[PDB]
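Take a look at this single chain, the form deposited without the ligand, given in C-alpha cells.
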C-alpha cells in the first residue's frame, strides 16, 4: 500500500505544480513588460526569456531569466573593457527604468558582466536580466524540445527530482550545492542511460556545441517504449513509470564514480580527461572567433584600440575557469561546454552523496515503508 500511496501523492504534487491554462499569456505579457523597460534603456531593444518558463520545467512562480540585446550587440565582445563599460551604462539605465515602471526590489550589480535583478511588480516572479545570454536561450529551447516528447512523463520526473533536491538542500546554490539546471541535466542523463531519451552524439554547432536544430532533428522521431502510449490518461500508470525512473536516478548518483566520469547529454559518462580535451578544442575555436570580433569592433571604433592583449588573455582565462575538469563535480552544459557544477565545494560533497544514499535507501530498500512526507521532508536546515 505504501508504494501505491507514495505514487498517488507524488503525481498529485506534480499536478499541483503545473501552471494554469493561461500561463502562456502571463509569460507573454511579462516579456512585453520587460521589453517596455528595455526600449527605454537601449537602442533596438530585444528581450528573450530563458530558464524554467521556456523549458516548461516550471511552476507559476519559477524565476525568470531574461537576455537583453540591442543594436549592434555581439556575444563576442563581452570582456573587452570598453564594451563592458558600455554594457554597464545600458544596465544602469535599465535598472532606473525598471524602478520607474514599478518593478520591485530593483538591484543593479555593476560588474564586468552586469545584471539587474527585480521582482515583477505584477506577478511577483523574480527576474534576472543580463546582456546577451545566448547559450541560456538555446539551452532552454533544447530542454523544451525534450519535454515535448511526452510532457507529463519528463515533467513529472524532473519536477520530483527538483522537489526532492530543494527540500534536501542538494539544490541550494547559496550553500554551494547544485543549481536546478545542473540537477536537471544529471536527471536527464539517467533517462539516456535507460534508453528513455536519445544521446545527442552529433553536435554540429560552429564551435562543436549542440544546437536547437540538432536536438529537434534527433527527438522528432524518437520513440519511447510502446507501453508509454498507454500512460497519457492515467497517473497511477504513468506514476509507476516515473517512480521506476526516480529509483534509477537515486541509485545512479548514489553509486556514480565522479573520479573518472562526467555528466553530459552529448556523451554520457565521458571521462574527465576527455572532457578536458573537448574543452581545449572548444576554447581554441572560441578564442579565434573572439579575437576576430574584437578586431572588427576596433576597426569600427578606432578610439577603443589597439587590441589589448592583457584584457584578451584575461577574457580567455575567464572562459577557461568556467570549464574546469578537476572540480568535485563536472556537469556539462551542452550548448557551450561550461561546467555548470564547478561551484559546488569539496566540503559539500558529503552532504550531497549522503542525501543520494538516503533517497536510494528510502525508494528502493524501504519501498514497503514509503511516505511522501518523509522522503520529501524539508531538511531542518
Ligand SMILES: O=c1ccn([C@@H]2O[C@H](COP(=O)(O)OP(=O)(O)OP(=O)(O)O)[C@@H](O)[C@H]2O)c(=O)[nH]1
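Just so we're on the same page, rigid core means the largest C-alpha set that superposes within 1.5 Å between forms. Positions refer to the first chain, counted from 1. Residues that one form lacks are left out of the comparison.
Omitted here: the form deposited with the ligand bound. The next part is about that form.
K.L.:
Quick one: the ligand borrowed from its pose in the deposited bound form and superimposed here by the pocket C-alphas, is it open or blocked (3 or more atoms within 2.4 Å of backbone/C-beta)?
P.N.:
In the deposited bound form, the ligand occupies a site that, on this form, remains open once the ligand is superposed onto it.
K.L.:
Which single stretch, out of 132 to 140, 226 to 234, 244 to 252, 188 to 196, brings residue heavy atoms within 4.5 Å of the ligand in the deposited bound form?
P.N.:
This holds for exactly one stretch, 132 to 140.
K.L.:
Could you check which residue among 107, 281, 166, 271 gets a heavy atom within 4.5 Å of the ligand in the deposited bound form?
P.N.:
By the 4.5 Å heavy-atom cutoff, the listed residue in contact is 166.
K.L.:
Out of 78, 179, 117, 211, which one falls within 4.5 Å of the ligand in the deposited bound form, going by heavy atoms?
P.N.:
Of the listed residues, the single hit is 179.
K.L.:
Classify residue 62 as contacting or not contacting the ligand in the deposited bound form by the rule of any non-hydrogen atom within 4.5 angstroms, answering yes or no.
P.N.:
Heavy-atom contact with the ligand at 4.5 Å: present for residue 62.
K.L.:
So, residue 162 and the ligand: in the deposited bound form, are they within 4.5 Å at any heavy atom pair?
P.N.:
It does: once the ligand is placed as it appears in the deposited bound form, residue 162 has a heavy atom within 4.5 Å of it.
K.L.:
Against the ligand in the deposited bound form, would residue 57 count as a contact residue? Criterion: heavy atoms within 4.5 Å.
P.N.:
It does: once the ligand is placed as it appears in the deposited bound form, residue 57 has a heavy atom within 4.5 Å of it.
K.L.:
Taking the shortest heavy atom distance, is residue 333 within 4.5 Å of the ligand in the deposited bound form?
P.N.:
Heavy-atom contact with the ligand at 4.5 Å: present for residue 333.
K.L.:
Decide yes or no: are 50, 340 and 343 jointly within 4.5 Å of the ligand in the deposited bound form, with each residue judged by its heavy atoms?
P.N.:
Yes, because 50, 340 and 343 each have a heavy atom that approaches the ligand to within 4.5 Å in the deposited bound form.
K.L.:
Note down every stretch of 3+ consecutive residues with C-alpha shifts of 2 Å or more between the shown form and the other one, superposition done on the rigid core, in sequence order.
P.N.:
Residues 110 to 113 form the single run that moves by 2 Å or more between the shown form and the other one.
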